[PDB]
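Quick heads-up: it's one chain on its own, the form deposited in one PDB entry, in structure tokens.
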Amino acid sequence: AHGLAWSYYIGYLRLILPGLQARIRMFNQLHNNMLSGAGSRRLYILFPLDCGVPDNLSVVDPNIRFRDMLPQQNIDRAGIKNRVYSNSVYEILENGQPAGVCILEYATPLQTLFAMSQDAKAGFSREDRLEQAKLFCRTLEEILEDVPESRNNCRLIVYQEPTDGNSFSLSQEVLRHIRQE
């Protein structure tokens, strides 16, 4: 879990965070300042301790409408010439009404904890996986503290879906994070 936190910061957040505000700048110029509230000039990393990583947010919850991509950023990265970073902008709805707009993705290494929890040889329990997901969640911040960009640029949304999955909506969790801030 220590290794995943470092890996994620070094493999991704280190590369995308620096150039993110420049990309919001141009997005607002061309899309009539959709991302106005400084609260929505941040990257929102969904960190379900669930360790579930679905592909489509509109499918998990229909109240997270996809509205637009950021502008693409091309980085020369590890033997890829012009690796392409696309980031998705979402509108969050409440009772039919647009209650928010933000840059939403999941922390992908979390699926590693899930996959590894299920391995027959070196597997472990849902409760041990919950513990490793927390060590991950905690460790990312201590690395995160030291880097001047970071805090202004992205925010972790940490959450545990009930044993069902119902009685819980992810739109409500996202809305309560932007509103609190």
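From 1 onward, residues are counted along the sequence shown. Rigid core: the largest C-alpha set superposing within 1.5 Å between the two forms.
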For 150-158 versus 43-51, entry-based mean Cα B-factors point to 150-158
Compare the mean C-alpha B-factor of 64-72 with that of 139-147 as given in the PDB entry, and name the stretch with the higher value.
-> 139-147
Sort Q97, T108, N82, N87 by C-alpha B-factor from the entry and give me just the highest.
-> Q97
Sorting the chain's modelled residues by C-alpha B-factor and splitting them into thirds places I178 in the highest
Chain thirds of CA B-factor: placement of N32 | highest
Chain-relative C-alpha B factor for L104 (record values, thirds): the lowest
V59: CA temperature factor from the record, placed by chain third, in the middle
State the tercile, meaning the lowest, middle or highest third, of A120 with respect to the CA B-factors recorded for its chain.
-> middle
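One more form of this protein, deposited in another entry, exists but is not displayed; see below.
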Would you say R138 moves its Cα by 2 Å or more between the shown form and the other one, aligning on the core?
-> no
After the core is matched up, is the C-alpha of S150 off by 2 Å or more between the shown form and the other one?
-> yes
Superposing on the rigid core, does the Cα of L43 end up 2 Å or more away between the shown form and the other one?
-> no
Direction of C-alpha distance change in the other form, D55 to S40 (at least 3 Å) | farther
Do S58 and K134 have their C-alpha atoms closer or farther apart in the other form than here, with the shift being 3 angstroms or more?
-> closer
